[PDB]
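Letter by letter, the chains look like this.
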Amino acid sequence: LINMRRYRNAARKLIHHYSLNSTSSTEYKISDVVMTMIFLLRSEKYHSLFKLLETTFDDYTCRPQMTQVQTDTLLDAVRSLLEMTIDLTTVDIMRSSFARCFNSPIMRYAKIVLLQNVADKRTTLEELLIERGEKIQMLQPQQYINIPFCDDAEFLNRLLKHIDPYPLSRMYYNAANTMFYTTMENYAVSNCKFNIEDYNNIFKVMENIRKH
Amino acid sequence: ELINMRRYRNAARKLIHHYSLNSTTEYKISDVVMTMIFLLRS
Amino acid sequence: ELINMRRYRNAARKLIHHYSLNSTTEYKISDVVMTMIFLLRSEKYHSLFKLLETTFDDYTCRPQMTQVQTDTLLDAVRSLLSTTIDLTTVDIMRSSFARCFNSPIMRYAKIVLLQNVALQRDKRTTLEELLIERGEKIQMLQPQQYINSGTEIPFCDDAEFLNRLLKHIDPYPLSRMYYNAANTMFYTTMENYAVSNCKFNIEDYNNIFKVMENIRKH
Amino acid sequence: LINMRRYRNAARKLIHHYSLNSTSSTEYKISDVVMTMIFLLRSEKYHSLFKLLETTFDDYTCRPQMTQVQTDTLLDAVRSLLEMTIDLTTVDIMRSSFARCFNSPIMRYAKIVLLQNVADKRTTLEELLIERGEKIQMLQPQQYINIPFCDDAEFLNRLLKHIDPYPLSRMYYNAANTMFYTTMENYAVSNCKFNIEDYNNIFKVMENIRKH
Amino acid sequence: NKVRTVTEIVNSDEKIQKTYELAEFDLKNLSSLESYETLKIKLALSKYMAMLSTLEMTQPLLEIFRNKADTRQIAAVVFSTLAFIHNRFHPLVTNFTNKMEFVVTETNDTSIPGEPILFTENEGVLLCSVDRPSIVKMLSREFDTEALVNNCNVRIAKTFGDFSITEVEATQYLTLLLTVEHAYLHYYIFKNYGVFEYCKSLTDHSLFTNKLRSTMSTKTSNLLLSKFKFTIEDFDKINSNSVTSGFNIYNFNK
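What counts and how
- Residues numbered from 1 in each chain as written, not as in the entry; some residues may be left out.
- Chains lettered and ligands numbered in written order.
- Part of a larger assembly, values for the part shown.
- Heavy atoms only, no water.
- UniProt positions renumbered as here; feature names shortened; annotations may be inferred.
- Helix = DSSP H or I, 4+ residues; strand = E, 2+ residues; numbered from the N terminus.
- Rg over C-alpha atoms; globule rule 2.2 N^0.38 Å.
- Disulfide = S-S within 2.5 Å.
- Buried < 20%, exposed > 50% of the residue type's maximum accessible area, 1.4 Å probe, protein only.
- Expected span 1.5 Å × (residues − 1).
- Contact = heavy atoms within 4.5 Å.
- Polar contact = N/O pair within 3.5 Å; in protein donor to acceptor, adjacent residues only side chain to side chain.
- Axes fitted to C-alpha atoms, helices over the stretch in contact; angles between N-to-C directions.
- Parallel < 35°, antiparallel > 145°, perpendicular 65-115°, else oblique.
- Left-handed = near helix turned anticlockwise from the far one by under 90°.
- Nonpolar A, V, L, I, M, F, W, Y, C, P; charged D, E, K, R; others polar.
- Buried area = accessible area lost by both parts, 1.4 Å probe.
- Salt bridge = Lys/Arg side-chain N within 4 Å of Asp/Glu carboxyl O.
- Pairing = 2+ DSSP bridges.

Header annotation of the entry names cryo-EM as the structure determination method and lists the resolution as 5.2 Å.

If you look chain C up in the PDB entry, it shows as Protein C42 from Autographa californica nucleopolyhedrovirus. The PDB lists this entry under the title "AcMNPV complete basal cap". Chain C has a UniProt comment under Function that states "Plays a role in host nuclear actin polymerization by recruiting p78/73 protein that is capable of activating an actin-related protein 2/3 complex to initiate nuclear actin polymerization."

The PDB entry annotates chain B as Protein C42 of Autographa californica nucleopolyhedrovirus.

Attention shifts here to the overall build of chain C. A count of helices and strands for chain C gives ten helices and two strands. For chain C, the N- to C-terminal ordering of α and β elements is α-α-α-α-α-β-β-α-α-α-α-α. The globule rule puts the C-alpha radius of gyration for 218 residues at 17 Å, and the 36 Å found for chain C is more than 25% above it. Seen through its principal axes, chain C has C-alpha atoms that stretch 100 × 50 × 40 Å.

By the definition in use, this model includes zero disulfides over all chains. Left without a disulfide partner, C:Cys100 is nearest to the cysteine sulfur of D:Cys101, which lies 12 Å away. Not engaged in a disulfide, the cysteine D:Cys62 finds its nearest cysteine sulfur in D:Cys101; these two sulfurs lie 20 Å apart. Judged by its relative accessible area of 56%, D:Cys62 is exposed.

Taking 1.5 Å as the rise per residue, helix 1 (residues 4-18) of chain D with 15 residues should run 21 Å; its terminal C-alpha atoms sit 20 Å apart, in good agreement. Along helix 1 of chain D, the positions that sit buried rather than exposed are D:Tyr7, D:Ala10, D:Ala11, D:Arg12, D:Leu14, D:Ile15, D:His16, D:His17 and D:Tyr18. If you follow the buried residues of helix 1 of chain D, they end up packed against helix 3 (46-53) and strand 1 (107-108) of chain C together with helix 2 (30-42), helix 4 (68-82) and helix 5 (88-103) of chain D. If you check the start of helix 1 of chain D, you find a side-chain oxygen 3.1 Å away from the backbone N of D:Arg5, and it comes from D:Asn3. D:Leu20 lies just past helix 1 of chain D and shows a positive phi near 55 degrees.

The next thing to look at is the packing of helix 8 (residues 168-189) of chain D against helix 5 (residues 132-140) of chain E. Running from N to C, helix 8 of chain D and helix 5 of chain E point in directions that differ by 135 degrees, and their axes come no closer than 9 Å. The orientation of helix 8 of chain D relative to helix 5 of chain E falls into the category oblique. Considering the relative orientation of helix 8 of chain D and helix 5 of chain E, their crossing is right-handed. Mapping the contact onto sequence places D:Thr178, D:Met179, D:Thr182, D:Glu185 and D:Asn186 in helix 8 of chain D and E:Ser134, E:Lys137 and E:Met138 in helix 5 of chain E. Partitioned by chemical class, the residues of the contact of helix 8 of chain D with helix 5 of chain E number two nonpolar, four polar and two charged.

Take the environment of A:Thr61 next. Here A:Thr61 shows up in the loop between helix 3 (47-54) and helix 4 (68-82). Expressed as a C-alpha distance, the spacing of A:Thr61 and A:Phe50, which sit eleven residues apart in the sequence, is 15 Å. Aside from chain neighbours lying at most four places away, what touches A:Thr61 is A:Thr55, A:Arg95, C:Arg62, C:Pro63 and C:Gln64.

So, about the interface of chain B and chain C. Chain B puts six residues into the contact, and the matching count from chain C is seven residues. Summed over both partners, the interface of chain B with chain C comes to about 590 Å²; 35% of that surface belongs to carbon and sulfur atoms. Of all residues in chain B, the largest losses of buried area upon contact with chain C belong to B:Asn4, B:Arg6 and B:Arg7, amounting jointly to 62% of the total for that side. Linking chain B with chain C are one salt bridge. Salt-bridge contacts for B:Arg6 lead to C:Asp71; the nearest nitrogen and oxygen are separated by 2.6 Å. Run the count over chain B and chain C and you get three residue pairs in polar contact. The residue inventory of the side of chain B that touches chain C, partitioned by class, reads one nonpolar, two polar and three charged.

This part is about the arrangement of the chains. Contacts are most numerous between chains D and E, taken over all seven pairs of chains that touch. Structurally, chain B and chain E remain out of contact, their C-alpha atoms never closer than 41 Å.

What follows concerns the sheet that holds strand 3 (residues 100-105) of chain E. The sheet built from four strands is open, its strands ordered 2(D)-3(E)-5(E)-4(E) with mixed pairing. With partners counted over all chains shown, the strands left at the sheet margins are strand 2 (143-145) of chain D together with strand 4 (117-121) of chain E, one partner each. Here the average twist between neighbouring strands, direction ignored, is 25 degrees. Note: strand 3 of chain E against strand 5 (residues 126-131) of chain E, six bridges, orientation parallel. Looking at strand 5 of chain E, one finds that E:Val104 is bridged to E:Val130. The strands touched by helix 4 (residues 71-89) of chain E are strand 2 of chain D together with strand 3, strand 4 and strand 5 of chain E; relative to strand 2 of chain D, the strand with the most contacts, the crossing angle is about 35 degrees. Helix-sheet contacts for helix 5 of chain E involve strand 3 and strand 5 of chain E, and the interaxial angle to strand 5 of chain E is about 45 degrees.

This is the structure we're talking about:
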């Protein structure tokens, strides 16, 4: 007999991280993986997800064939587990993350990785720039634009009072990690090499900008 | 059938033989999950 | 008969025994082709043939094998070799075959074209972009270590040699010497700018040598 | 069950390279050899070619005896596989290439070789010069000659417009490799030692010519 | 336009002055442009194609060389290519050697391995040998027409902002032009330094550097094969069979 609630909570947290649906950085151990897999097996309506993630043990065995109703039901199951949008690419992210976690060896220090192996056309940033580029100009714009900056002291005072208890550092961390994860997921989904040199050089540019 | 019983079983045998006696090769996290699944299912 | 069945069979036994267990002698490409031909031709080894063929590229998979299938694969591979094995042996042999199938084969020589002169493109470049590009290019070079004999600054206090060099260069006007040096520096700089398709900023080159007035005024 | 189309494509490319009928330089792996041999075995009308190339495993076992109809049928089979002329010397080149590929050991880096062991009289360049030399003078010339260099600006402009999209470097590569392969095949067929010192000295002569 | 430079030393008011003419720098810059050299080579090839066209030689070169019966076209094509190369070397003579004969080779038994176009004296007149199957095998070989040989930024910025000559035909034209260029270098050594030197050069191409740079390197244009530096893949490994504990005191060819 196992505690359904604890296993469900561990599964929820680990899947939240492994789906890139949350920025909560909590050190995850092998025990959380064991709990999430056991809960996935035990719960009847998560059997599809459990089989999906268990197929990742061998790299040569790929995703089971699911008819549209099955995919929709699994999407509803994932949504219920996360109580949050969620779609097929989230499932692909989860599959890749769990595959890399499972095939990884037992080790003393947490391994830091980047999203990869999701979604034939291995491209770079410039070809995507050109290509998607036109697909953009192809579309006609929706709106045509052809500005109040009020400094109402009382109103800004009330806004500051509302914002004052918020730990600015936490807000910056959340925003930056959200932008980073969205950029990484867009790169991986588009099958484009994510050049972290450029992304880190963005921060380096900000740092060099400040001190002048 | 959701559990490939025998492959899980040999994985658990190997892992528990390694941990219990050969305290001194290497295994992946997948084998640990496999061993726990075998222990629960049996 | 097109296939010499038994010689193929022993070749496959040897190769698979080498790859699966003896991960540490040597074999030719012909033996690899032989092993794959044996696996395809033998009916009961079709699953193993497909599993090993999935290693050709990274866009091939295998359906999840049920229990009876994995036992059939296991005793088939055991018939290939009495020693006890498991799915881990299959995994390591598959990885070895994946490494083997990606090994390049012999190819005939080809005429390789090398750029004769680093020809620049039509669009003119400024000094800054040129500096960035050339610094990136220099980054790829392999630096060499220079170790001086000692830390002391080289010098010479031999009077006789010093006045002797001074006397030898005494009849040599400083105006002509400095003019020649400055003009050859300028000509080399302009030639490099022209060859590099880079815009020459006359004002910057003039500003280079304003330390004259900086010294004179202060 | 195997994919006939993929194996046929791999066989086509590998045979194109190994017959010296193409300058396409694509890194070939052991997998391509496996695919070409398997496709040759499986296809009924390529059985002659498969047996021919399989006999190359042992150096002491030489080419099977084929009557003229069999050789013609195999030539048609090779032509169909390549959809391109092709004759017996192409088959000899293919046999030698596959023999050397098969007897080569498995190795991490591609082995670069030159054509050899094709077509008794082991000669050098000078004896061939003399010998074939007369066989030339023996023949009487066909034509007797006993010149417009138009600079029509519009016509040259149109010609340049047509030629402009062509990547000159690719054209030079194709021409140079074609000349090299034709020279090597003529040397090997004539059983004359190919002195790559001289051929490389040709390029060295061009390089030394330019800088003066 | 001219640019003036002044040098002044701190011991006097003397100023020494030099005048630079910008045309030299402009010429170097133009010679450094990739598009300029590409245009030069493509213009030479276009002139060759136009010269063939005005001689009715519009049929693809492979088709011309595949016709065994009609020898006149092959002889005319080879003669025209030789004359074009001769005019490129000497831009004063429009007509090649006023009298010469052609013999077409269709057999390996009388073929030269590596010199498809050869020249000889029959004691009365120049004779040119044409190895037709060799040229056919050259032109009919499939070409690599999809691979790329090594600006994306200008393409990105642009994205954000009638004779049918295929690539195969142009490559065939360039192939024949280079082959006849090699033949013409051999023929030039022949005509200017004797049959003995010609047959010495046939077995050792290294004499080209000495028998061309004396006159051609300072009077004619650039050679077509000099547009790119060609090397054999893994040349050192294949050459390892012939290695000398050498001492080169007359290394006239680097």
